[PDB]
Amino acid sequence: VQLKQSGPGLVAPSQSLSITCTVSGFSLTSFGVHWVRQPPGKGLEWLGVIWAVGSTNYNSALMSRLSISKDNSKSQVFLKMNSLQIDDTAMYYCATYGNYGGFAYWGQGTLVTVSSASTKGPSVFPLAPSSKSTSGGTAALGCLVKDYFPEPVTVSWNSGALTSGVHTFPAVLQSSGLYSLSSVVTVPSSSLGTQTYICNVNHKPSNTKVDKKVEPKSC
Amino acid sequence: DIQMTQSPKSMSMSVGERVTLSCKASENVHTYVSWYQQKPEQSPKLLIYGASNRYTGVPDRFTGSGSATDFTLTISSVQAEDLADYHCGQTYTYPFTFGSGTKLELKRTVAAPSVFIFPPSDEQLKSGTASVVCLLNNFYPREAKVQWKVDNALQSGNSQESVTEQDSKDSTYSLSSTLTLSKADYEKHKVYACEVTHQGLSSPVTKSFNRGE
Ligand SMILES: CC(=O)N[C@H]1[C@H]([C@H](O)[C@H](O)CO)O[C@@](O[C@H]2[C@@H](O)[C@@H](CO)O[C@@H](O[C@H]3[C@H](O)[C@@H](O)[C@H](SCC(=N)NCCCC[C@H](NC(C)=O)C(N)=O)O[C@@H]3CO)[C@@H]2O)(C(=O)O)C[C@@H]1O
C-alpha cells in the first residue's frame with residue numbers, strides 16, 4: 007500500500023487549492039480515502055472522506071468550501087478547497103484506514119501556504135569552517151539558506167551521503183516576510199583539507215535546486 | 006463536535022521509565038480511539054486502533070487501553086527513539102477529531118554546548134546584507150540564552166534563533182542564533198561576539214571574531 011501526493015506550493019487568499027493523491031497497492035473501489043491537515047503548531051484536523059462506493063462525508067465546519075473526488079481507473083483522489091483564508095495554511099495529508107480502525111496508511115504530506123506573497127527561491131551562502139568554528143578535533147561548517155518563500159526546503163549534504171552530525175534548523179520567518187534557515191554538520195577538523203562538503207538545497211515551490219561547496223575560510 | 010483532550014501537553018522521561026499518556030473524550034466514543042506517533046519531519050504513524058489493538062509492526066512496549074471517555078497510551082520502558090509527538094483521535098462519529106498532541110521529550114545528563122561562530126560569507130556581503138551565525142551544538146537541557154555583542158554593545162531586536170527537535174540518538178538539542186545587519190553597519194564595527202548562558206556552564210561562555218583579522 008502507498009499514497010503519494012502532489013507537491014507543496016503557494017496559493018493566494020480567496021483563491022482555491024487542489025491536491026492529488028495517487029494510490030497504489032489497493033484499489034479505490036475497495037477502500038475509502040480521507041484528507042487530514044495539520045496547521046502550523048496545531049494538531050490534526052479531519053477534512054473529509056470519499057468512500058469506496060463513491061459517497062462523501064465532510065467536516066461540517068468546512069463543507070461549504072471543500073470537495074473530494076476521485077478517478078477509480080487512475081487510482082487518484084483529489085482534494086479541492088476554495089475561498090481560502092490565511093489560516094488554511096497547513097500540511098495536507100491523504101490517508102486510509104485500509105483494513106484497520108484508524109489511519110493506518112498516510113501520504114507524505116503536501117505543504118500548502120496561503121499568502122499574497124510571491125514564490126522566491128533561496129540564496130545559499132556557506133558557513134565556512136575556521137579557527138572560530140573548531141572545538142578540539144571537531145570543526146563545524148554549514149550553509150545559510152536565506153530569503154525563500156514559501157516553505158519548505160530540503161537540505162542534504164554530499165547529495166545525501168552525509169547524515170551523521172547534520173543539524174538542519176527549523177526555518178524562521180524574517181521581518182522581510184521571507185524564510186531563512188541554516189544546516190550545519192560537525193566533521194573531524196583534519197578532514198577540512200581532504201574531504202569535499204557540499205550542501206544541496208531543493209526548493210520545490212520554485213523548482214530550484216542549488217549545490218554550494220563549503221570550503222574553509224581564507225585568511 | 007467530539008472534543009479530545011490530551012494530557013499532559015508535554016513531558017520529559019528518562020530512558021527505561023514507564024510513560025503514561027492520557028486522552029479524554031467529551032462524549033462517549035466507545036472504543037473508536039486511535040493513537041498516532043509523529044516524529045519530526047515525518048507523517049503520523051498508527052500505533053493503536055480500536056483503543057487497544059496494537060497496529061502491525063508496532064513494538065510490544067506500546068499498549069493502548071480504556072473505553073467510553075478515558076483512554077491511555079503506555080510505553081512500558083521508553084527508548085530514545087520514542088521521542089515524538091503523540092496524537093489521539095476518535096472515529097466514532099462525524100466529524101472525526103483529534104487531540105492537540107503530547108510532546109514526549111527525553112531526559113539525560115546535563116550537557117553544555119559547544120559554541121561556534123561564523124562570519125558572513127563574502128558572497129552575501131556583496132549582496133548588501135550580513136548574517137552572522139552563532140551555533141550551540143549538542144546540549145541539554147534545552148534552555149539557553151544567547152546574547153550578541155558588537156564592539157561591546159549589547160544587541161536587541163536584530164537576531165533570531167531556532168532550536169532543533171531533540172536528537173533521537175543522544176537526546177541533545179542544538180541552537181542557531183542569526184544576527185542580521187546591513188553591509189554598511191557590519192563594516193562599521195570590528196568585534197562580533199555571542200555569549201551563551203547554559204546550566205551546563207560555570208559562567209557564560211563568549212565566542213567572538215574580529216573583522217580586522
Ligand atoms: C475491504 C472493505 O471491506 N471495503 C469496504 C470499505 C472499507 O471498509 C472502508 O472504506 C474503510 O477502509 O467500506 C465501504 O463502506 C463504507 C460506506 O458504506 C460508507 C457510507 O457512508 O460508510 C462507511 O462506514 C463508516 C460509517 O459511515 C461511519 O458512520 C462510521 S463512524 C464509527 C461507528 N461505527 N459509529 C457507530 C455509531 C455512530 C454514532 C451514532 N449516530 C448515528 C447512528 O447516527 C450514535 N449512536 O450516536 O465509520 C464507518 C467506517 O468505519 C463504510 O465503511 C466503502 O468504503 O464504500 C464498503 C467497502 O466494501
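The listed protein sequences derive, respectively, from chains H and L.
Just so you know, we're using the authors' numbering here: the first sequence kicks off at 7 and counts up by one.
Just so you know, we're using the authors' numbering here: the second sequence kicks off at 6 and counts up by one.
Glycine is no exception: its CB is placed at the ideal position from the N, C-alpha and C atoms.
Residue i: CB within 8 Å of a non-hydrogen atom of ligand 1
i: H/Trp57; result: yes
i: L/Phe103; result: no
i: H/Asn105; result: yes
i: L/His35; result: yes
i: H/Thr102; result: yes
i: L/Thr98; result: yes
i: H/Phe37; result: yes
i: H/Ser81; result: no
i: H/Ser61; result: yes
Residue i and residue j closer than 9 Å at C-beta
i: L/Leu51; j: L/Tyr41; result: yes
i: H/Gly148; j: H/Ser196; result: no
i: H/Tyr111; j: H/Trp41; result: no
i: H/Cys100; j: H/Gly108; result: no
i: H/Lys126; j: H/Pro158; result: no
i: L/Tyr91; j: L/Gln11; result: yes
i: H/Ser124; j: H/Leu23; result: no
i: H/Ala96; j: H/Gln21; result: no
Residue of the options minimising C-alpha distance to residue i
i: H/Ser79; options: H/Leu72, H/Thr140, H/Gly60; result: H/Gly60
i: H/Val7; options: H/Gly31, H/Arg43, H/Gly148; result: H/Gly31
i: L/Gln204; options: L/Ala116, L/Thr68, L/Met16, L/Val120; result: L/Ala116
i: H/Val118; options: H/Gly104, H/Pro156, H/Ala101; result: H/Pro156
i: H/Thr140; options: L/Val120, L/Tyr197, L/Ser132; result: L/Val120
i: H/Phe37; options: H/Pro45, H/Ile56, H/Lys48; result: H/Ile56
i: L/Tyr178; options: L/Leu88, L/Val34, L/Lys29; result: L/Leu88
i: L/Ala158; options: L/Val196, L/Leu186, L/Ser164, L/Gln129; result: L/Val196
i: H/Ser182; options: L/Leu180, L/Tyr54, L/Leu186, L/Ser39; result: L/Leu186
i: H/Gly166; options: H/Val207, H/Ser73, H/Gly199, H/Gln91; result: H/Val207
i: H/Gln11; options: H/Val39, H/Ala134, H/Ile25; result: H/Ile25
i: L/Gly69; options: L/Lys44, L/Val24, L/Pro100; result: L/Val24
Three-state secondary structure assigned by DSSP to residue i
i: H/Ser195; result: helix
i: L/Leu130; result: helix
i: L/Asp87; result: helix
i: H/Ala146; result: strand
i: residue 228 of chain H; result: This structure cannot settle anything about residue 228 of chain H, because the visible part of chain H is limited to 7 through 225.
i: H/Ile92; result: helix
i: H/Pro211; result: helix
i: H/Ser162; result: strand
i: H/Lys138; result: helix
i: H/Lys86; result: strand
i: H/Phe37; result: coil
i: L/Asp6; result: coil
i: H/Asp217; result: strand
i: L/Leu141; result: strand
i: L/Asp156; result: coil
i: H/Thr174; result: strand
i: L/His92; result: strand
Delimiting residues of the beta strand (DSSP E) encompassing residue i
i: H/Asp77; result: 72-77
i: L/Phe214; result: 210-215
i: H/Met69; result: Taken as a continuous stretch (DSSP letters only), H/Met69 belongs to no beta strand (DSSP E), as it is neither H nor E.
i: L/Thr177; result: Neither: L/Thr177 is in no beta strand (DSSP E) and is coded neither H nor E.
i: L/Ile53; result: 50-54
i: H/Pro132; result: 129-133
i: residue 2 of chain L; result: This structure leaves residue 2 of chain L out entirely; chain L is present only between 6 and 218.
i: H/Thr200; result: No beta strand (DSSP E) contains H/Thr200, which DSSP labels as neither H nor E.
i: L/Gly69; result: 67-72
i: H/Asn63; result: 62-64
i: L/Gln165; result: 164-168
i: H/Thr119; result: 116-120
Opening and closing residue of the alpha helix (DSSP H) in which residue i lies
i: L/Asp190; result: 188-191
Contact test: residue i Cβ vs ligand 3 heavy atom, cutoff 8 Å
i: L/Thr114; result: Inclusion of ligand 3 in the displayed structure is not the case, the ligand content consisting of ligand 1 alone.
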